[PDB]
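Novice: Okay, so here is coords.pdb, and as you'll see once you scroll down, it has PDB, C-alpha atoms (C1' of nucleotides).
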ATOM      1  CA  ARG A 151      51.512 195.693  -8.043  1.00  0.00           C
ATOM      2  CA  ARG A 152      50.267 197.526 -11.097  1.00  0.00           C
ATOM      3  CA  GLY A 153      52.350 199.421 -13.620  1.00  0.00           C
ATOM      4  CA  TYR A 154      52.214 201.169 -16.955  1.00  0.00           C
ATOM      5  CA  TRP A 155      52.642 200.271 -20.611  1.00  0.00           C
ATOM      6  CA  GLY A 156      55.536 202.275 -22.064  1.00  0.00           C
ATOM      7  CA  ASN A 157      54.603 205.770 -20.899  1.00  0.00           C
ATOM      8  CA  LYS A 158      53.019 207.669 -18.046  1.00  0.00           C
ATOM      9  CA  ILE A 159      49.867 209.714 -17.634  1.00  0.00           C
ATOM     10  CA  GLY A 160      49.074 208.607 -14.068  1.00  0.00           C
ATOM     11  CA  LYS A 161      47.053 205.775 -12.513  1.00  0.00           C
ATOM     12  CA  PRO A 162      48.488 202.327 -13.428  1.00  0.00           C
ATOM     13  CA  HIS A 163      46.259 200.164 -15.612  1.00  0.00           C
ATOM     14  CA  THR A 164      48.140 196.940 -16.259  1.00  0.00           C
ATOM     15  CA  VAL A 165      50.869 194.603 -14.957  1.00  0.00           C
ATOM     16  CA  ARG A 166      54.383 195.916 -14.285  1.00  0.00           C
ATOM     17  CA  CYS A 167      56.308 193.118 -15.995  1.00  0.00           C
ATOM     18  CA  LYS A 168      55.727 189.908 -17.900  1.00  0.00           C
ATOM     19  CA  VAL A 169      55.404 187.154 -15.320  1.00  0.00           C
ATOM     20  CA  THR A 170      54.165 183.580 -15.114  1.00  0.00           C
ATOM     21  CA  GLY A 171      52.801 181.243 -12.450  1.00  0.00           C
ATOM     22  CA  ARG A 172      52.486 177.467 -12.510  1.00  0.00           C
ATOM     23  CA  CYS A 173      50.359 174.937 -10.653  1.00  0.00           C
ATOM     24  CA  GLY A 174      51.018 171.345 -11.808  1.00  0.00           C
ATOM     25  CA  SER A 175      51.179 171.559 -15.644  1.00  0.00           C
ATOM     26  CA  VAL A 176      49.024 174.639 -15.958  1.00  0.00           C
ATOM     27  CA  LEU A 177      50.710 177.964 -16.388  1.00  0.00           C
ATOM     28  CA  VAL A 178      49.699 181.450 -17.397  1.00  0.00           C
ATOM     29  CA  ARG A 179      51.786 184.130 -19.088  1.00  0.00           C
ATOM     30  CA  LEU A 180      50.438 187.521 -17.982  1.00  0.00           C
ATOM     31  CA  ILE A 181      51.747 189.988 -20.609  1.00  0.00           C
ATOM     32  CA  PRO A 182      51.338 193.831 -20.257  1.00  0.00           C
ATOM     33  CA  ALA A 183      48.919 195.618 -22.592  1.00  0.00           C
ATOM     34  CA  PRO A 184      48.088 199.227 -23.608  1.00  0.00           C
ATOM     35  CA  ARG A 185      45.064 201.119 -22.259  1.00  0.00           C
ATOM     36  CA  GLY A 186      41.494 200.289 -23.209  1.00  0.00           C
ATOM     37  CA  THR A 187      42.163 196.818 -24.673  1.00  0.00           C
ATOM     38  CA  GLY A 188      40.291 195.194 -21.775  1.00  0.00           C
ATOM     39  CA  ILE A 189      41.187 191.887 -20.161  1.00  0.00           C
ATOM     40  CA  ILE A 190      41.721 189.341 -22.922  1.00  0.00           C
ATOM     41  CA  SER A 191      41.610 186.015 -21.144  1.00  0.00           C
ATOM     42  CA  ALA A 192      39.463 182.929 -20.533  1.00  0.00           C
ATOM     43  CA  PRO A 193      36.423 183.235 -18.181  1.00  0.00           C
ATOM     44  CA  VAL A 194      38.246 181.891 -15.083  1.00  0.00           C
ATOM     45  CA  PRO A 195      41.239 184.376 -14.728  1.00  0.00           C
ATOM     46  CA  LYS A 196      38.978 187.214 -16.024  1.00  0.00           C
ATOM     47  CA  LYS A 197      37.290 187.151 -12.593  1.00  0.00           C
ATOM     48  CA  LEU A 198      40.501 187.480 -10.572  1.00  0.00           C
ATOM     49  CA  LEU A 199      42.311 190.049 -12.745  1.00  0.00           C
ATOM     50  CA  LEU A 200      39.177 192.253 -12.926  1.00  0.00           C
ATOM     51  CA  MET A 201      38.840 192.274  -9.129  1.00  0.00           C
ATOM     52  CA  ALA A 202      42.577 193.035  -8.869  1.00  0.00           C
ATOM     53  CA  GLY A 203      42.038 196.296 -10.785  1.00  0.00           C
ATOM     54  CA  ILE A 204      44.288 195.044 -13.581  1.00  0.00           C
ATOM     55  CA  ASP A 205      42.110 196.288 -16.402  1.00  0.00           C
ATOM     56  CA  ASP A 206      44.336 195.523 -19.373  1.00  0.00           C
ATOM     57  CA  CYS A 207      46.258 192.330 -19.944  1.00  0.00           C
ATOM     58  CA  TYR A 208      47.164 189.779 -22.602  1.00  0.00           C
ATOM     59  CA  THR A 209      47.402 186.157 -21.501  1.00  0.00           C
ATOM     60  CA  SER A 210      47.972 182.682 -22.875  1.00  0.00           C
ATOM     61  CA  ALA A 211      47.587 179.319 -21.193  1.00  0.00           C
ATOM     62  CA  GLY A 212      49.409 176.031 -21.550  1.00  0.00           C
ATOM     63  CA  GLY A 213      48.258 172.591 -20.469  1.00  0.00           C
ATOM     64  CA  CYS A 214      45.051 171.155 -19.033  1.00  0.00           C
ATOM     65  CA  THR A 215      42.899 174.151 -18.080  1.00  0.00           C
ATOM     66  CA  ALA A 216      39.784 171.946 -17.872  1.00  0.00           C
ATOM     67  CA  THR A 217      40.601 171.130 -14.234  1.00  0.00           C
ATOM     68  CA  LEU A 218      40.051 174.732 -13.146  1.00  0.00           C
ATOM     69  CA  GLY A 219      41.369 174.264  -9.580  1.00  0.00           C
ATOM     70  CA  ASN A 220      44.882 174.266 -11.077  1.00  0.00           C
ATOM     71  CA  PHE A 221      44.020 177.058 -13.526  1.00  0.00           C
ATOM     72  CA  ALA A 222      42.902 179.583 -10.904  1.00  0.00           C
ATOM     73  CA  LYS A 223      45.617 178.720  -8.372  1.00  0.00           C
ATOM     74  CA  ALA A 224      48.173 179.208 -11.201  1.00  0.00           C
ATOM     75  CA  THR A 225      46.644 182.622 -12.002  1.00  0.00           C
ATOM     76  CA  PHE A 226      46.764 183.556  -8.301  1.00  0.00           C
ATOM     77  CA  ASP A 227      50.404 182.324  -8.253  1.00  0.00           C
ATOM     78  CA  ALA A 228      51.237 184.748 -11.086  1.00  0.00           C
ATOM     79  CA  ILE A 229      49.443 187.682  -9.417  1.00  0.00           C
ATOM     80  CA  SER A 230      51.555 187.077  -6.262  1.00  0.00           C
ATOM     81  CA  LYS A 231      54.909 187.420  -8.077  1.00  0.00           C
ATOM     82  CA  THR A 232      54.362 191.111  -8.921  1.00  0.00           C
ATOM     83  CA  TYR A 233      55.977 192.415  -5.677  1.00  0.00           C
ATOM     84  CA  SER A 234      58.493 189.543  -5.755  1.00  0.00           C
ATOM     85  CA  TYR A 235      59.895 190.651  -9.118  1.00  0.00           C
ATOM     86  CA  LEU A 236      62.861 193.003  -8.912  1.00  0.00           C
ATOM     87  CA  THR A 237      62.766 196.115 -11.076  1.00  0.00           C
ATOM     88  CA  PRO A 238      65.313 198.969 -11.406  1.00  0.00           C
ATOM     89  CA  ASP A 239      63.006 201.259  -9.367  1.00  0.00           C
ATOM     90  CA  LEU A 240      63.556 199.157  -6.233  1.00  0.00           C
ATOM     91  CA  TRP A 241      67.375 199.099  -6.476  1.00  0.00           C
ATOM     92  CA  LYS A 242      67.820 201.921  -3.939  1.00  0.00           C
ATOM     93  CA  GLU A 243      68.353 200.480  -0.479  1.00  0.00           C
ATOM     94  CA  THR A 244      65.746 200.289   2.297  1.00  0.00           C
ATOM     95  CA  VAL A 245      66.120 202.109   5.624  1.00  0.00           C
ATOM     96  CA  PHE A 246      65.111 199.111   7.818  1.00  0.00           C
ATOM     97  CA  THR A 247      62.547 200.933   9.992  1.00  0.00           C
ATOM     98  CA  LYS A 248      61.707 199.322  13.359  1.00  0.00           C
ATOM     99  CA  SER A 249      58.887 196.800  13.656  1.00  0.00           C
ATOM    100  CA  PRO A 250      55.401 197.453  15.176  1.00  0.00           C
ATOM    101  CA  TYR A 251      56.063 194.356  17.339  1.00  0.00           C
ATOM    102  CA  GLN A 252      59.009 196.259  18.849  1.00  0.00           C
ATOM    103  CA  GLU A 253      57.578 199.763  19.269  1.00  0.00           C
ATOM    104  CA  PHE A 254      54.119 198.857  20.621  1.00  0.00           C
ATOM    105  CA  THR A 255      55.410 196.179  23.026  1.00  0.00           C
ATOM    106  CA  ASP A 256      54.733 198.482  26.018  1.00  0.00           C
ATOM    107  CA  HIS A 257      50.968 197.785  26.031  1.00  0.00           C
ATOM    108  CA  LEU A 258      51.594 194.048  25.719  1.00  0.00           C
ATOM    109  CA  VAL A 259      53.467 193.757  29.032  1.00  0.00           C
ATOM    110  CA  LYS A 260      50.417 193.041  31.145  1.00  0.00           C
ATOM    111  CA  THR A 261      49.644 189.403  30.443  1.00  0.00           C
ATOM    112  CA  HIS A 262      49.129 189.673  26.692  1.00  0.00           C
ATOM    113  CA  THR A 263      50.379 187.142  24.148  1.00  0.00           C
TER     114      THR A 263
ATOM    115  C1'   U B   1      40.094 190.802 -28.214  1.00  0.00           C
ATOM    116  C1'   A B   2      47.531 187.184 -28.305  1.00  0.00           C
ATOM    117  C1'   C B   3      40.635 183.791 -24.847  1.00  0.00           C
ATOM    118  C1'   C B   4      38.803 178.438 -24.717  1.00  0.00           C
ATOM    119  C1'   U B   5      34.359 174.649 -23.006  1.00  0.00           C
ATOM    120  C1'   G B   6      31.984 169.252 -22.798  1.00  0.00           C
ATOM    121  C1'   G B   7      33.342 163.721 -23.038  1.00  0.00           C
ATOM    122  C1'   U B   8      37.878 157.665 -20.571  1.00  0.00           C
ATOM    123  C1'   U B   9      37.125 157.188 -13.465  1.00  0.00           C
ATOM    124  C1'   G B  10      33.965 155.348  -7.416  1.00  0.00           C
ATOM    125  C1'   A B  11      36.972 159.943  -7.029  1.00  0.00           C
ATOM    126  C1'   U B  12      41.861 162.783  -8.484  1.00  0.00           C
ATOM    127  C1'   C B  13      45.950 164.493 -11.603  1.00  0.00           C
ATOM    128  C1'   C B  14      47.959 163.701 -16.739  1.00  0.00           C
ATOM    129  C1'   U B  15      48.658 161.992 -22.002  1.00  0.00           C
ATOM    130  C1'   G B  16      45.433 162.191 -26.236  1.00  0.00           C
ATOM    131  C1'   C B  17      41.725 162.520 -29.724  1.00  0.00           C
ATOM    132  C1'   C B  18      36.658 163.337 -30.622  1.00  0.00           C
ATOM    133  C1'   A B  19      32.655 167.079 -30.120  1.00  0.00           C
ATOM    134  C1'   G B  20      31.361 172.299 -29.193  1.00  0.00           C
ATOM    135  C1'   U B  21      33.076 177.782 -31.287  1.00  0.00           C
ATOM    136  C1'   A B  22      34.141 182.046 -35.296  1.00  0.00           C
ATOM    137  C1'   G B  23      35.335 183.471 -40.554  1.00  0.00           C
ATOM    138  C1'   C B  24      35.400 182.415 -45.684  1.00  0.00           C
ATOM    139  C1'   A B  25      32.648 180.079 -50.740  1.00  0.00           C
ATOM    140  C1'   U B  26      29.650 176.640 -53.310  1.00  0.00           C
ATOM    141  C1'   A B  27      25.179 173.847 -53.141  1.00  0.00           C
ATOM    142  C1'   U B  28      20.325 173.593 -50.780  1.00  0.00           C
ATOM    143  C1'   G B  29      15.713 174.388 -47.399  1.00  0.00           C
ATOM    144  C1'   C B  30      12.318 178.062 -45.413  1.00  0.00           C
ATOM    145  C1'   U B  31      10.955 183.159 -45.536  1.00  0.00           C
ATOM    146  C1'   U B  32      10.994 188.238 -47.848  1.00  0.00           C
ATOM    147  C1'   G B  33       8.572 195.644 -47.590  1.00  0.00           C
ATOM    148  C1'   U B  34      12.054 200.005 -49.502  1.00  0.00           C
ATOM    149  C1'   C B  35      16.992 201.974 -51.381  1.00  0.00           C
ATOM    150  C1'   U B  36      22.053 201.596 -54.030  1.00  0.00           C
ATOM    151  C1'   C B  37      26.263 198.645 -55.902  1.00  0.00           C
ATOM    152  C1'   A B  38      26.527 193.603 -59.216  1.00  0.00           C
ATOM    153  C1'   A B  39      28.917 188.085 -59.555  1.00  0.00           C
ATOM    154  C1'   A B  40      26.616 184.635 -62.895  1.00  0.00           C
ATOM    155  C1'   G B  41      27.628 176.753 -67.699  1.00  0.00           C
ATOM    156  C1'   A B  42      34.834 177.496 -64.647  1.00  0.00           C
ATOM    157  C1'   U B  43      34.242 172.836 -61.269  1.00  0.00           C
ATOM    158  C1'   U B  44      31.304 167.865 -64.891  1.00  0.00           C
ATOM    159  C1'   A B  45      32.071 166.766 -71.202  1.00  0.00           C
ATOM    160  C1'   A B  46      38.560 171.928 -74.704  1.00  0.00           C
ATOM    161  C1'   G B  47      31.122 167.106 -75.169  1.00  0.00           C
ATOM    162  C1'   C B  48      27.774 167.971 -79.704  1.00  0.00           C
ATOM    163  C1'   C B  49      25.055 171.724 -82.204  1.00  0.00           C
ATOM    164  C1'   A B  50      19.166 174.066 -85.601  1.00  0.00           C
ATOM    165  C1'   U B  51      18.338 179.435 -86.571  1.00  0.00           C
ATOM    166  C1'   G B  52      19.775 184.829 -86.423  1.00  0.00           C
ATOM    167  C1'   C B  53      23.725 188.142 -85.975  1.00  0.00           C
ATOM    168  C1'   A B  54      28.956 189.257 -84.652  1.00  0.00           C
ATOM    169  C1'   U B  55      34.284 193.298 -90.323  1.00  0.00           C
ATOM    170  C1'   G B  56      34.127 196.289 -93.501  1.00  0.00           C
ATOM    171  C1'   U B  57      35.666 200.770 -96.112  1.00  0.00           C
ATOM    172  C1'   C B  58      35.301 207.267-100.593  1.00  0.00           C
ATOM    173  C1'   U B  59      37.205 212.321 -99.995  1.00  0.00           C
ATOM    174  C1'   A B  60      37.719 218.958-103.527  1.00  0.00           C
ATOM    175  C1'   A B  61      41.589 214.991-104.785  1.00  0.00           C
ATOM    176  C1'   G B  62      42.793 206.530-108.326  1.00  0.00           C
ATOM    177  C1'   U B  63      39.016 204.598-112.427  1.00  0.00           C
ATOM    178  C1'   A B  64      31.886 207.087-113.968  1.00  0.00           C
ATOM    179  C1'   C B  65      29.475 206.850-122.228  1.00  0.00           C
ATOM    180  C1'   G B  66      24.608 202.449-115.597  1.00  0.00           C
ATOM    181  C1'   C B  67      20.106 203.136-121.957  1.00  0.00           C
ATOM    182  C1'   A B  68      20.221 205.611-113.487  1.00  0.00           C
ATOM    183  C1'   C B  69      18.262 210.586-111.427  1.00  0.00           C
ATOM    184  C1'   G B  70      19.575 215.188-113.346  1.00  0.00           C
ATOM    185  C1'   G B  71      20.403 218.759-117.262  1.00  0.00           C
ATOM    186  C1'   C B  72      18.943 224.407-119.175  1.00  0.00           C
ATOM    187  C1'   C B  73      23.728 222.500-123.931  1.00  0.00           C
ATOM    188  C1'   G B  74      27.237 220.519-123.185  1.00  0.00           C
ATOM    189  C1'   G B  75      31.718 216.886-123.128  1.00  0.00           C
ATOM    190  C1'   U B  76      36.058 220.117-126.354  1.00  0.00           C
ATOM    191  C1'   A B  77      40.482 216.275-118.554  1.00  0.00           C
ATOM    192  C1'   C B  78      34.602 217.532-118.105  1.00  0.00           C
ATOM    193  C1'   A B  79      29.025 218.423-113.954  1.00  0.00           C
ATOM    194  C1'   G B  80      25.761 218.013-109.843  1.00  0.00           C
ATOM    195  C1'   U B  81      24.131 213.642-107.506  1.00  0.00           C
TER     196        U B  81
END
Rewrite the structure of this file - the entire thing - as structure tokens.

Specialist:
Amino acid sequence: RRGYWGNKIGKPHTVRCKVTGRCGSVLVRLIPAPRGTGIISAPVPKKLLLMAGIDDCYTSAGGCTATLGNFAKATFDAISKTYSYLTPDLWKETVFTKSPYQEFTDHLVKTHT
RNA sequence: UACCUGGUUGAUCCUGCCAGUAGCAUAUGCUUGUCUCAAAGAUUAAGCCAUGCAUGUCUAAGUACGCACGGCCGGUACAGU
């Protein structure tokens, strides 16, 4: 989930909110950034964030980032939390639409599992 | 540009320092066409010093008998310089 800096002009360029993600003494602090600053990070998370389409970000690390297996999994952990972070936009209540499992069950009553 | 990478082990995750990285100002090595700007015996010995120079000054208007120059003849405030 991508978001904006402090104002709108369409097409989100950065992270919605300031989030973290930890994997066994490594953590990352993805901080939002204004347009055109580029991704300011180490080489390892610069891969992931660039592929994500998050084109602007400030970061900072803490702990042993030498063992990169932790470092990248902790980045990926942070990138997950974006839709698991509650924002005032999402406060309006969902309509609880029926599941595809329910509606399309008619074709699956043959022998299908 | 709010950034990290290598090194303790058979292998893994930490703690931790060492090394790598960029700027700045002094010395030094090697090299060097053209253009502008210019810091420069402070670091150490506020150690010691040859020679040369670096503070003098007169307007119509303080004092002109320089045997100076000049004079158009002088002085009688008395010339001009």

Novice: May I ask you to extract the residues of chain A within 12 Å of chain B, using all atoms listed in the file, and to give them as a PyMOL selection string?

Specialist: chain A and resi 173-176+178-183+186-196+206-220

Novice: What do you get, as an mmCIF file with C-alpha atoms, in the coordinates of the input, if you spell out every residue that the PyMOL selection byres ((chain A and resi 202) around 12) selects here?

Specialist:
data_model
loop_
_atom_site.group_PDB
_atom_site.id
_atom_site.type_symbol
_atom_site.label_atom_id
_atom_site.label_comp_id
_atom_site.auth_asym_id
_atom_site.auth_seq_id
_atom_site.Cartn_x
_atom_site.Cartn_y
_atom_site.Cartn_z
ATOM 1 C CA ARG A 151 51.512 195.693 -8.043
ATOM 2 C CA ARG A 152 50.267 197.526 -11.097
ATOM 3 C CA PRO A 162 48.488 202.327 -13.428
ATOM 4 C CA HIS A 163 46.259 200.164 -15.612
ATOM 5 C CA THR A 164 48.140 196.940 -16.259
ATOM 6 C CA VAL A 165 50.869 194.603 -14.957
ATOM 7 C CA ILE A 189 41.187 191.887 -20.161
ATOM 8 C CA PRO A 195 41.239 184.376 -14.728
ATOM 9 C CA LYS A 196 38.978 187.214 -16.024
ATOM 10 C CA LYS A 197 37.290 187.151 -12.593
ATOM 11 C CA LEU A 198 40.501 187.480 -10.572
ATOM 12 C CA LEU A 199 42.311 190.049 -12.745
ATOM 13 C CA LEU A 200 39.177 192.253 -12.926
ATOM 14 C CA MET A 201 38.840 192.274 -9.129
ATOM 15 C CA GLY A 203 42.038 196.296 -10.785
ATOM 16 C CA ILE A 204 44.288 195.044 -13.581
ATOM 17 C CA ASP A 205 42.110 196.288 -16.402
ATOM 18 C CA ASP A 206 44.336 195.523 -19.373
ATOM 19 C CA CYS A 207 46.258 192.330 -19.944
ATOM 20 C CA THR A 225 46.644 182.622 -12.002
ATOM 21 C CA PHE A 226 46.764 183.556 -8.301
ATOM 22 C CA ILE A 229 49.443 187.682 -9.417
ATOM 23 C CA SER A 230 51.555 187.077 -6.262
ATOM 24 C CA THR A 232 54.362 191.111 -8.921
#

Novice: Just to confirm, what's the straight-line distance from CA of residue 224 (chain A) to CA of residue 170 (chain A) in Å (one decimal)?

Specialist: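 Taking CA of residue 224 (chain A) as the start and CA of residue 170 (chain A) as the end point, the length is 8.4 Å.
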
Novice: Grab the CA of residue 167 (chain A) to CA of residue 153 (chain A) distance for me, in Å with one decimal place.

Specialist: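 One can read the CA of residue 167 (chain A) to CA of residue 153 (chain A) distance as 7.8 Å.
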
Novice: For residue 80 (chain B), please output as JSON, numbers by chain all residues within 12 Å (counting all atoms listed in the file; exclusion window: fewer than 4 positions along the same chain).

Specialist: {"B": [69, 70, 71]}

Novice: Restricting the calculation to only C-alpha atoms, which member of A:247, A:168, A:222, A:240 is positioned closest to residue 155 (chain A)?

Specialist: A:168

Novice: Can you measure CA of residue 235 (chain A) to CA of residue 166 (chain A) for me? One decimal in Å is fine.

Specialist: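 Atom-to-atom, CA of residue 235 (chain A) to CA of residue 166 (chain A), that is 9.2 Å.
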
Novice: Within 12 Å of (29.6, 181.6, -52.3), in the coordinates the file gives, what residues turn up when you count only C-alpha atoms (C1' of nucleotides), written out as an MDAnalysis selection string?

Specialist: chainID B and resid 24:27 39:40

Novice: Which residue, B:43, B:15, B:68, B:63, has the smallest gap to residue 81 (chain B) when you use all atoms listed in the file?

Specialist: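 Among the listed residues, the smallest separation from residue 81 (chain B) belongs to B:68.
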